Amino acid sequence: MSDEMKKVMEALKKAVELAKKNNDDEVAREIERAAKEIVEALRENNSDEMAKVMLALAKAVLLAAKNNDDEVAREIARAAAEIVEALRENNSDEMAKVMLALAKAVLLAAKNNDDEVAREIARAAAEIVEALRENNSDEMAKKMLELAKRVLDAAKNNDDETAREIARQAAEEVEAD
Ligand SMILES: [Ca+2]
Ligand SMILES: [Ca+2]
Ligand SMILES: [Ca+2]
Ligand SMILES: [Ca+2]
Ligand SMILES: [Ca+2]
Ligand SMILES: [Ca+2]
Ligand SMILES: [Ca+2]
Ligand SMILES: [Ca+2]
């Protein structure tokens, strides 16, 4: 774990404590779950690409806890934790590319301070992750990379309508597979 990561993690620990202080116990649980997943992912894997994804996710959770509604904050934290779970199952170079794109998208969404966009970007990321955990073949990962790139562009355009469309296409590609 890097020193920039150690700083973000200490901030996450503060975010959990603040959530508890405000009686937001379910938010606190989900932030803690994501943080714990990240720590275990880094304990077992010294890949720099891994470290990159984990830093982006940690920052996204922290910003969402600060910027977004409680219930949106929960969705970003859940998306982050599920992204890490997927990477711990398979961190091929293609899987890492998908997850880096999604981590960048949830970070930007959390940073843009729009609750509807943050919610839809997190959901699109979650649908793509779910698809890969059902089948994380090289072929499925390539398909999901193109969708993940579109989620990132949607976050960049603050485009909640397009985020929802990508989520539906990811769920239907699973069906096709
Ligand atoms: Ca209070
Ligand atoms: Ca609250
Ligand atoms: Ca409690
Ligand atoms: Ca590499
Ligand atoms: Ca806000
Ligand atoms: Ca693994
Ligand atoms: Ca809109
Ligand atoms: Ca259908």
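Hey, got the dipole for segment 3-176? About the Cα centre, +1 on K and R Cβ, -1 on D and E Cβ, debye to the nearest 20?
So the magnitude is around 720 debye.
Count neighbours as other Cβ atoms within 10 Å of each site's Cβ, and list the trypsin sites (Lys or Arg not before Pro) in segment 1-85 that are DSSP loop with at most 16 such neighbours.
Nothing satisfies the criteria.
Give me the percent relative contact order of the chain, please, defined on Cα pairs under 8 angstrom at least 6 residues apart.
That works out to 21 percent.
Normalising by the residue count of segment 88-149, find the relative contact order in percent from Cα pairs under 8 Å and 6+ residues apart.
Rounded, it is 51 percent for segment 88-149.
Give or take rounding to whole Å, what are the principal axis extents of the alpha carbon atoms in the chain, in descending order?
46, 36, 24
Note that we place each Cβ from the backbone using ideal geometry, even for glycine, and neighbour counts take in every protein chain shown. Throughout, read-outs are computed from the coordinates displayed, never taken from laboratory work.
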